């Protein structure tokens, strides 16, 4: 949208150093998981920058020019995840979305862990229900069809046939 466009111009021009871009543009995933990740991870639309100072500069820029608002991730705040990304045992060995993200920049990988955490992806709602509702741990689960079981236990879905609307 207009907001991301404006920020990207500040990056490309070099006026605001330190901008990386929209988080979802900074990694890749197998197309099989496109609906899942788009449905469950709004943080993919956050804008990654090097530091809190750069974030504040972008916030100030957007406001000064009546452009709008965005949410920012500063890589400087992501280092807390450095030792927290190792694979874990999951119900039915269901994949963790985070582990499916392909990215070479290790700082950006930390941002992906912040965004996705231990969200799992299940093949269908049948499996999602088995996986989510463990006695010892409520897992956040998204299906390949974009249905979501939140840790609270709510279950969301419907009108999947319009996911690919033009």
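Residue numbers count along the first chain shown, from 1.
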> Out of 135-143 and 30-38, which stretch has the higher average CA B-factor listed in the record?
Replying inline: 30-38
> Is the mean CA B factor in the deposited entry higher across 69-77 or across 82-90?
Replying inline: 69-77
> Out of 153, 24, 14, 158, which residue has the highest Cα temperature factor in the PDB record?
Replying inline: 24
>> If I read the C-alpha B-factors straight from the PDB entry, which of 60, 110, 129, 123 is highest?
In response: 60
> Should residue 163 be placed in the lowest, middle or highest third of its chain by the C-alpha B factor in the entry?
Replying inline: lowest
>> Based on the deposited C-alpha B factors for this chain, I'd like to know if residue 101 is in the lowest, middle or highest third.
In response: middle
